[PDB]
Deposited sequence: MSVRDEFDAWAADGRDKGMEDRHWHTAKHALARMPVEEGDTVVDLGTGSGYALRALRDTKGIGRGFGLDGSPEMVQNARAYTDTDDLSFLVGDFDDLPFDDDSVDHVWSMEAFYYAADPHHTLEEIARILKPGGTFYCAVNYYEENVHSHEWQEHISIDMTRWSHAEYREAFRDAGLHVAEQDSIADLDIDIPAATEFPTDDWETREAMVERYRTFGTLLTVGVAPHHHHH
């Protein structure tokens, strides 16, 4: 279960924030938020993305959804405003009205969805027409170093290529506006003499993981009703 898999990550939630911020800061800066916008953060973890959007773009209302009750208890404890709220929920059934959200953000969570295609349809449903979904992931086909992550995770993960993310967004009714790789330039890469480390056999592989592949970002836009 989600709470079984991620409660140890809530005992480490700040550690995920510190690592993920290296690329999330760039993806968040791209979001076309207008002051006062309502944002839903799917798999909020420590809730940092909502706090960053309020501090830098002035969102008005934020909802940090997580399937781990411990995770959202933590996220709330780290937040100094009631304009950003937290709730327990699941990616397969979003507890928001149709066309009620201006933008949806998700970092390092989407690929744990049980039915990712249905989650995309749920995102298109809750978004207002013209609203955006910013989907940032480190587990994807081209990032060869991530393939082994499934070996230490009990949840069945979805491993899609860049093309598969674009195709799935279109199949859910979202228009793809942008797709990119965001490098992690902050993580220290030791000298070639220091290898192997616990994670890397060669410096070349570490450089490829972080400076070349980085985080995949796909941006979708929810459409108005149209002829089918």
Missing residue ranges, deposited sequence indexing starting at 1: 1, 13-14
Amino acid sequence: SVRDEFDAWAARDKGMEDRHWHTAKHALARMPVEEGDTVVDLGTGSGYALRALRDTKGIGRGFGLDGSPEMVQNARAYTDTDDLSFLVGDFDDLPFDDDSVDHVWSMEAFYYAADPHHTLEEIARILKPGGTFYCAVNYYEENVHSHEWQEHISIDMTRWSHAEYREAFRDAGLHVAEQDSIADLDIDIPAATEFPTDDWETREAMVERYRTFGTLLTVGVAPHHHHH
From here on, numbers count along this sequence of modelled residues.
Of 147-155 and 113-121, the stretch whose C-alpha atoms average the higher B-factor in the entry: 147-155
200-208 or 213-221, whichever carries the higher mean Cα B-factor: 200-208
Deposited CA B-factor, highest of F195, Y48, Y165, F63: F195
Selection by C-alpha B-factor (highest) of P190, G36, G43, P32: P190
CA B-factor ranking of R12, expressed as a third of its chain: highest
B-factor third for the C-alpha atom of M107 within its chain: lowest
Third of chain Cα B-factors occupied by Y78: highest
Cα B factor band for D171 (lowest, middle or highest third within the chain): middle
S68 by Cα B-factor - lowest, middle or highest third of the modelled chain: highest
